[PDB]
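S.K.: My questions all concern the structure below.
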Amino acid sequence: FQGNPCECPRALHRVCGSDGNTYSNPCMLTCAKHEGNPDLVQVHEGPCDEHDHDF
């Protein structure tokens, strides 16, 4: 679980996973998922956080 799931570009296509946890792109989500995150799911695209990942 490395390099098989993740190969996609550094596209800033920010999205959200089920935790509300924003991802840099939905390609890293599915990657992560198939890598070591069987609990992750493509809930839906678009970021859940405002525009950042911190208080």
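Just remember, in the structure tokens the first chain shown is A, the second B, etc., residues are 1-based per chain, and ligands are 1-based in the order shown.
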Report as a PDB file with N, CA and C atoms, in the first residue's frame all protein, DNA and RNA residues lying within 6 Å of stretch 35-43 of chain A, evaluated on only C-alpha atoms, omitting residues in the same chain fewer than 6 positions from it.
M.R.:
```pdb
ATOM      1  N   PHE A   1       0.874  -1.190   0.000  1.00  0.00           N
ATOM      2  CA  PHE A   1       0.000   0.000   0.000  1.00  0.00           C
ATOM      3  C   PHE A   1       0.895   1.218   0.000  1.00  0.00           C
ATOM      4  N   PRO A   5      -1.926   2.903  -4.993  1.00  0.00           N
ATOM      5  CA  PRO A   5      -3.086   3.768  -4.783  1.00  0.00           C
ATOM      6  C   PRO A   5      -2.810   5.220  -5.189  1.00  0.00           C
ATOM      7  N   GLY A  17     -13.484  14.117   3.240  1.00  0.00           N
ATOM      8  CA  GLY A  17     -13.821  12.749   3.612  1.00  0.00           C
ATOM      9  C   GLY A  17     -14.839  12.728   4.751  1.00  0.00           C
ATOM     10  N   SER A  18     -15.403  11.547   5.028  1.00  0.00           N
ATOM     11  CA  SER A  18     -16.520  11.362   5.960  1.00  0.00           C
ATOM     12  C   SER A  18     -16.356  11.988   7.341  1.00  0.00           C
TER      13      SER A  18
END
```
S.K.: Could you give me the residues within chain A that DSSP places in strand (DSSP E or B), as a ChimeraX atom specification?
M.R.: /A:15-16,22-23,44
S.K.: Using only C-alpha atoms, please write the residues we just selected to a file, as a PDB file, in the first residue's frame.
M.R.:
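Now in out38.pdb:
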```pdb
ATOM      1  CA  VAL A  15     -12.396  17.813  -1.004  1.00  0.00           C
ATOM      2  CA  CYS A  16     -13.848  16.284   2.181  1.00  0.00           C
ATOM      3  CA  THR A  22     -10.447  17.878   4.048  1.00  0.00           C
ATOM      4  CA  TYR A  23      -8.153  16.188   1.454  1.00  0.00           C
ATOM      5  CA  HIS A  44     -18.821  13.808  -1.695  1.00  0.00           C
TER       6      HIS A  44
END
```
S.K.: Using Å and a single decimal, report how far atom CA of residue A:46 sits from atom CA of residue A:20.
M.R.: 10.5 Å
S.K.: I need the residues in chain A that are helix (DSSP H, G or I) according to DSSP; give them as a ChimeraX atom specification.
M.R.: /A:26-36
S.K.: Please provide as an NGL selection string all residues within 12 Å of residue A:54, with the sequence filter that same-chain residues fewer than 2 positions apart are discarded (counting only C-alpha atoms).
M.R.: :A and (21-22 or 49-52)
S.K.: Please provide the set of residues having any atom within 10 Å of residue A:2, restricted to only C-alpha atoms, with same-chain residues fewer than 4 positions apart removed, written as a PyMOL selection string.
M.R.: chain A and resi 6-7+31-32+34-36
S.K.: What's the separation between atom CA of residue A:8 and atom CA of residue A:55, in Å to one decimal place?
M.R.: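 One can read the atom CA of residue A:8 to atom CA of residue A:55 distance as 28.6 Å.
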